[PDB]
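Taking the form deposited in one PDB entry, here's one chain by itself in structure tokens.
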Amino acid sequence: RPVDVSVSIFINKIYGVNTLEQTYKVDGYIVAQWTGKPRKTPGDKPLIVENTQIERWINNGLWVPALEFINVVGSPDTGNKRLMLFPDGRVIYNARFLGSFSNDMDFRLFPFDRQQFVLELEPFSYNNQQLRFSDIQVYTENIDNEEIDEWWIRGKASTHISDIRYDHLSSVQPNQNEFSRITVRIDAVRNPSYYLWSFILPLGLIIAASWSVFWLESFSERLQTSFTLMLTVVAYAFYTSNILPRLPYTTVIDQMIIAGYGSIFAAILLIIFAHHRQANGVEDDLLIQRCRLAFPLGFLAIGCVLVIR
């Protein structure tokens, strides 16, 4: 009884990832084929009907079922539409689309995160007793200059036809609560280049150079210098937060920034301590100088357990 419909999805561009909304944009084509009652066509050649003329065939009673992108956000932008009506009954729908799609996206390991861009397709009104997906093919371009793209695609796309039970239905009962759903999956990793060299590396240089406060020889010099070091980190928090993507949680880099604040406050506490540690009011220069390698090691050790994943 149910109509077998064959879907092919062509993907042109995956771009414009929004971290805060957890969406991404996909431009592509959708093709759908099914077979119905045969037809008289002009010539024994297939009939092509475009755009606004498709609507006319729907009014004369042509069955063209609505297929919904389950995870699109807002009505997709539809370009050219096409129906190909064959005399032997079969019907092919072809359309270009650009839409914004939603998926769960975890950005905590930024900039070393992996994301998967998902498309989910399901007929809007017809259950699997009426319309079912027979098979699904997905085509992706071979990116050859992937080194200049924001995202690197990792392996060809995954497909999976399945059936979805809607419990809470305002319809009827017997086996009429399941729908045929295509799910396309594409794995991807973030191009970590820019952030290593322009963010991680100079943040490192800055935090290390902070440790050299202990190679200053006065107390006055060490305390006062660290206030400049403090200012530098605040400025660095500002540089990063303004350019990196906004998120509701802390990233790896955000954690480094917080660490930098800590190492400088810690140093302020030791610098101020060695000035009073011992009797005589003598500067326990045993404590400093040990600090010239206590911090570059201490921070780097208890900071070497950032296995938070």
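Only residues modelled in both forms are compared. All residue numbers are counted from 1 along the displayed sequence. C-alpha atoms forming the largest set that superposes within 1.5 Å between two forms make up the rigid core.
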property	result
129-137 versus 149-157 - which carries the larger mean C-alpha B factor in the record	149-157
Stretch with the higher entry mean CA B-factor, where the candidates are 264-272 and 23-31	264-272
Highest-ranked of 201, 105, 121, 143 once sorted by CA temperature factor in the record	143
Candidate residues 184, 188, 209, 73, the one whose C-alpha B factor the record puts highest	188
Relative C-alpha B-factor of residue 246, binned into the chain's lowest, middle or highest third	lowest
B-factor third for the C-alpha atom of residue 95 within its chain	lowest
Cα B factor band for residue 64 (lowest, middle or highest third within the chain)	lowest
CA B-factor ranking of residue 282, expressed as a third of its chain	highest
Third of the chain, ranked by Cα B-factor, where residue 230 sits	lowest
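As for the form deposited in another entry, it is not shown, yet the points below apply to it.
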item	value
Listed options 143, 209, 231, 189; Cα moving by 2 angstroms or more between the shown form and the other one (core superposition)	143
CA of residue 131, rigid core aligned, shift of 2 Å or more between the shown form and the other one	yes
Residue 284: Cα shift of 2 Å or greater between the shown form and the other one (core-aligned)	yes
CA of residue 74, rigid core aligned, shift of 2 Å or more between the shown form and the other one	no
Direction of C-alpha distance change in the other entry, residue 26 to residue 131 (at least 3 Å)	closer
Distance direction in the other entry for the C-alpha atoms of residue 180 and residue 140, relative to the displayed form (3 angstroms or more)	farther
Consecutive-residue runs (3+) with Cα displacement of 2 Å or more between the shown form and the other one, core aligned	128-144, 170-175, 280-290
